[PDB]
Amino acid sequence: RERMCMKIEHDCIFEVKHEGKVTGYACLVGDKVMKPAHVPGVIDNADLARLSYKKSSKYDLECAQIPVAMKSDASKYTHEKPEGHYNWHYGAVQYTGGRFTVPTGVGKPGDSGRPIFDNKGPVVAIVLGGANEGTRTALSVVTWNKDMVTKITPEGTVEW
Amino acid sequence: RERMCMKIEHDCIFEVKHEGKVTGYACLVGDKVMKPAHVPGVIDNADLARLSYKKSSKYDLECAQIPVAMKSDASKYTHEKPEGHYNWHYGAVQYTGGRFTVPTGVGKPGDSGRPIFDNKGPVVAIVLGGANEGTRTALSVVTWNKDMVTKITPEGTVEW
Amino acid sequence: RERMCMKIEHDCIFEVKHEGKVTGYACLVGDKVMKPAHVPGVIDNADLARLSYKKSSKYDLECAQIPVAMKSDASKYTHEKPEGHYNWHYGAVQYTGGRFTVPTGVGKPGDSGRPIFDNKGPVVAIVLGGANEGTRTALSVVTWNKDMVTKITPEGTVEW
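In structure tokens form, the structure reads like this:
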């Protein structure tokens, strides 16, 4: 379950810096580069911080377009999502009923920006923060239609 | 052929930066530090960018004088040059008739600033850009007399 | 490397005294006796301090002519100097490019007047003081043409 995943984040993860102290993460998906605008900071690369950004606080997301040099270094993606096992940086996640789950407390504050996958390779979606549960946690993810983006935010959460 | 060369560039090569993106290279020869002024940028060191520079666009070169701290870290050099085999960062180069040669396409744009040697150790000269040939390439080098510097530029070249 | 050198300075070295305290050295070369006039003092011999002296502070040197008694006790000398290994009182010195070198700090203040040799026997030249380097030191020597004497003094030195 880890033998397919591990190569990907080495290709596709930058993170953010503010005052020489990492806090968030950043991804590069498809054609547009991604940042969850909740955390303050600057990306840890020389040039592409010089870029245009389009912000709406209604979703708390942020994109820009990748310049043509490292454009061929992003993952694949789709919208087809039957229920079943899926995977991430700290194990395997289950999903059904419009509800994502993983057991208790294996995520921390200071950890936004973690993409989540399938088995057969494309990237799926992207996490925000957590919510108390008793046993198996609630998530906070933004995702896609065939055509549109959408937030879902269940009750009783904390914004990481 | 590489067992004598490899230690040298680790001692004697800095390169240039502009917007956190390397493009050229820089050498330190004898008493005066060298830069081919074709490429824009700043050297990748703290202090010696604070230096005086003397520019003539007639040659497209640039020098300054090395401050006394790391003055004993430059190579040796001479002007005596019979025809025969010589060497560089990507192999062995042949020279005769005032004409330098190496086979096809093993050099790229974004590669100015590569010094070239002899067998017995001193540095010889310094490259600028390329020219199409069919099989074995033409070069673009500036070099030395007993007393003077000189450019040679054969027909049908591209300034790297 | 020391098996040829050692007999020579016993034949050819007097030193200077001032207030019963040695500070410099003195040589006897060819036809004219030599003293670097930087240091004050008197030579440590009875008679030849009674001699004529010709001084120019432009070079900071001093000569006189040897009286005929111990005239046959001076070394040999020449001006032919290809680059290569040479030798002195504290080891072996390297020379090229008009630049003499030896590694760090094996010379002190209070040490002017040390002649330097070849392999095959004649004396070559004569030292003045030092200069900081990082690793392998800079020298301060006066030397000869076919016909003329000449000083060379690189930047950032201290007169021993």
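Chains as they are written, first to last, in the entry's author numbering: chain F, 98 to 257; chain B, 98 to 257; chain C, 98 to 257. For each residue, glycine too, the CB sits at the ideal point set by N, CA and C.
Check: When you check each C-beta in the region 211–238 of chain C against every C-beta of chain B, which residues fall closer than 9 Å?
Finding: From the region 211–238 of chain C, only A228, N229, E230, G231, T232, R233, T234, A235 have a Cβ closer than 9 Å to chain B.
Margin query: Using a Cβ-Cβ cutoff of less than 6 Å, which residues in the same chain neighbour B/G204 once the five nearest sequence positions on both sides are dropped?
Written below: Here residue 204 of chain B corresponds to residue number 107 of the second sequence, with the count starting at 1. The residues are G227.
Checklist line | Proximity below 8 Å, CB of B/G121 to CB of B/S209 | finding: Sequence index remark: in the second sequence, residue 121 of chain B carries index 24 (1-based). Sequence index remark: in the second sequence, residue 209 of chain B carries index 112 (1-based). In this structure, B/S209 lies closer than 8 Å to B/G121 by Cβ.
Item checked: Residues of the region 139–170 of chain F whose Cβ lies closer than 7 Å to any Cβ of chain B, in chain order -> Taking 7 Å as the Cβ-Cβ cut-off against chain B, the residues of the region 139–170 of chain F that qualify are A143, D144.
Checklist line | Listed by chain order, chain B residues near C/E252 by CB distance under 7 Å | finding: What you label residue 252 of chain C is simply residue 155 of the third sequence in a count that begins at 1. Listed by position along chain B, the residues whose Cβ is nearer than 7 Å to that of C/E252 are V165.
Item checked: Chain-ordered neighbours of B/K173 on chain C, where CB pairs are closer than 7 Å -> Translated into positions along the second sequence, residue 173 of chain B becomes position 76. Within 7 Å Cβ-Cβ: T193, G194.
Next item on the list: Please name the residue in F/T240, F/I163, F/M167 whose C-alpha comes closest to that of F/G195.
Entry: Residue 195 of chain F sits at position 98 when you count from the first residue of the first sequence. It is F/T240.
Notebook entry, point to check: Who are the neighbours of B/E112 on chain F, taking C-beta pairs under 9 Å?
Noted result: The residue you call residue 112 of chain B lines up with position 15 of the second sequence. Within chain F, no residue comes near B/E112; the closest Cβ sits about 14 Å away, beyond 9 Å.
Check: Under 8 Å between the Cβ atoms of C/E230 and C/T254?
Finding: In the third sequence, the residue the question calls residue 230 of chain C occupies position 133. In the third sequence, the residue the question calls residue 254 of chain C occupies position 157. No, they are not a contact pair.
Notebook entry, point to check: For the region 201–225 of chain C, which segments carrying the beta strand (DSSP E) assignment without a break, of at least 3 residues, lie completely within its bounds, in sequence order?
Noted result: Fully enclosed beta strand (DSSP E) runs of 3 or longer: 212–214, 220–224.
Next item on the list: Just the chain F side, please: which residues come within less than 8 Å of B/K118 by C-beta, in chain order?
Entry: For this step, residue 118 of chain B is matched to residue 21 along the second sequence. Below the 8 Å Cβ cutoff, chain F contributes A143, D144 as neighbours of B/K118, in chain order.
Notebook entry, point to check: Looking at C-alpha atoms only, which residue of B/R211, B/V224, B/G138 is the closest neighbour of B/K118?
Noted result: For the purposes of this step, residue 118 of chain B is identified with residue 21 of the second sequence, where counting begins at 1. A check of alpha carbon separations from B/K118 across B/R211, B/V224, B/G138 identifies B/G138 as the nearest.
Item checked: Helix, strand or coil at B/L158 [DSSP, three-state] -> Position 61 of the second sequence holds residue 158 of chain B. Of the three classes helix, strand and coil, the one that applies to B/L158 here is strand, per DSSP.
Next item on the list: Give me whichever residues DSSP pairs with B/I249 in a beta bridge.
Entry: For the purposes of this step, residue 249 of chain B is taken as the residue at position 152 of the second sequence. For B/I249, which the question treats as bridged, DSSP gives the partners B/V238.
Notebook entry, point to check: Of the residues F/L158, F/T198, F/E177, F/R98, which one's Cα is nearest the Cα of F/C124?
Noted result: Taking the first sequence and counting its residues from 1, the one referred to as residue 124 of chain F is at position 27. Ranked by Cα distance from F/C124, the first of F/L158, F/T198, F/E177, F/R98 is F/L158.
Next item on the list: Starting from F/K114, follow the beta strand (DSSP E) in both directions and report where the run begins and ends.
Entry: Looking up residue 114 of chain F in the first sequence gives position 17. Residue range 110–114 is occupied by the beta strand (DSSP E) that includes F/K114.
Next item on the list: With a 10 Å radius around its C-beta and 16 neighbouring C-beta atoms as the bar for buried, classify B/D215 as buried or exposed.
Entry: Locating residue 215 of chain B in the second sequence gives position 118, counting from the first residue. If you draw a 10 Å sphere on the C-beta of B/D215, you find 16 or more other C-beta atoms in it, and that means buried.
Next item on the list: Please classify F/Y187: is it buried, with 16 or more other beta-carbons within 10 angstroms of its beta-carbon, or exposed?
Entry: Counted from its first residue, the first sequence places residue 187 of chain F at position 90. When all chains shown are included, F/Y187 counts as exposed.
Notebook entry, point to check: Taking Cβ to Cβ, would you say B/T175 is nearer than 8 Å to B/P219?
Noted result: Within the second sequence, numbered from 1, the residue matching residue 175 of chain B stands at position 78. Within the second sequence, numbered from 1, the residue matching residue 219 of chain B stands at position 122. Result yes, Cβ atoms of B/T175 and B/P219 sit closer than 8 Å.
Notebook entry, point to check: Using a Cβ-Cβ cut-off of 6 Å (strictly less than) and excluding sequence neighbours within five positions of F/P164, which residues of its own chain qualify?
Noted result: Here residue 164 of chain F refers to the residue found at position 67 when the first sequence is read from its first residue. Leaving aside the five residues that flank F/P164 on each side, none in its chain has a CB nearer than 6 Å to its CB.
Check: Identify the residues that DSSP records as bridge partners of B/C124: which are they?
Finding: Mapped onto the second sequence, residue 124 of chain B falls at position 27. B/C124 is bridged to B/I110, B/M131.
Note to self: Helix, strand or coil, according to DSSP, for C/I140 in the structure here?
What the structure shows: Locating residue 140 of chain C in the third sequence gives position 43, counting from the first residue. C/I140 carries a strand assignment under DSSP once its states are collapsed to helix, strand and coil.
Next item on the list: Look at the alpha carbon of F/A235 and the alpha carbon of F/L148, and state the distance between them as a whole number of angstroms.
Entry: Counting from 1 along the first sequence, the entry for residue 235 of chain F is found at position 138. Counting from 1 along the first sequence, the entry for residue 148 of chain F is found at position 51. Answer to the nearest angstrom: the Cα atoms are 34 Å apart.
Check: Are the CB atoms of F/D141 and F/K114 nearer to each other than 8 Å?
Finding: If you number the first sequence from 1, residue 141 of chain F lands on position 44. If you number the first sequence from 1, residue 114 of chain F lands on position 17. The answer is yes: Cβ separation under 8 Å.
Check: Which residues does DSSP pair with C/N184 in a beta bridge?
Finding: What you label residue 184 of chain C is simply residue 87 of the third sequence in a count that begins at 1. Under DSSP, C/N184 takes part in a beta bridge, and its partners are C/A189, C/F214.
Item checked: F/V224 classed as buried or exposed, judged by whether at least 16 other C-beta atoms fall within 10 angstroms -> Position 127 of the first sequence holds residue 224 of chain F. Taking all protein chains shown into account, F/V224 has 16 or more neighbouring C-beta atoms within 10 Å of its C-beta and is therefore buried.
Check: Looking at C/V130 and C/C102, is the spacing between their C-beta atoms short of 8 Å?
Finding: Residue numbering aside, residue 102 of chain C sits at position 5 when the third sequence is read from its first letter. Residue numbering aside, residue 130 of chain C sits at position 33 when the third sequence is read from its first letter. No, Cβ-Cβ distance for C/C102 and C/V130 is not below 8 Å.
Check: Buried or exposed: where does C/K243 fall if 16 or more other Cβ atoms within 10 Å of its Cβ makes it buried?
Finding: Translated into the one-based positions of the third sequence, residue 243 of chain C becomes position 146. By the beta-carbon neighbour count (other beta carbons within 10 angstroms, threshold 16), C/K243 is exposed.
Check: Span of the beta strand (DSSP E) holding B/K152?
Finding: As a position in the second sequence, residue 152 of chain B is number 55, starting the count at 1. 151–153 is the span of the beta strand (DSSP E), which, as asked, contains B/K152.
Note to self: Please report the straight-line C-alpha distance between F/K173 and F/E112, rounded to a whole angstrom.
What the structure shows: Indexing the first sequence from 1 puts residue 173 of chain F at position 76. Indexing the first sequence from 1 puts residue 112 of chain F at position 15. When rounded, the distance between both Cα atoms is 20 Å.
Notebook entry, point to check: Is F/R196 helix, strand or coil by DSSP?
Noted result: For the purposes of this step, residue 196 of chain F is taken as residue 99 along the first sequence, with counting starting at 1. Note: F/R196 maps to strand in three-state DSSP.
Note to self: In whole angstroms, give me the CA-to-CA distance for F/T250 and F/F197.
What the structure shows: Residue numbering aside, residue 250 of chain F sits at position 153 when the first sequence is read from its first letter. Residue numbering aside, residue 197 of chain F sits at position 100 when the first sequence is read from its first letter. F/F197 has its alpha-carbon roughly 11 Å from the corresponding atom of F/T250.
Item checked: Proximal residues to C/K151 (C-beta, below 7 Å), its chain only, five neighbours per side dropped -> Mapped onto the third sequence, residue 151 of chain C falls at position 54. So the qualifying residues of the chain are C160.
Check: Is B/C109 closer than 8 Å to B/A171 when the C-beta atoms are compared?
Finding: Indexing the second sequence from 1 puts residue 171 of chain B at position 74. Indexing the second sequence from 1 puts residue 109 of chain B at position 12. Contact flag set, yes.
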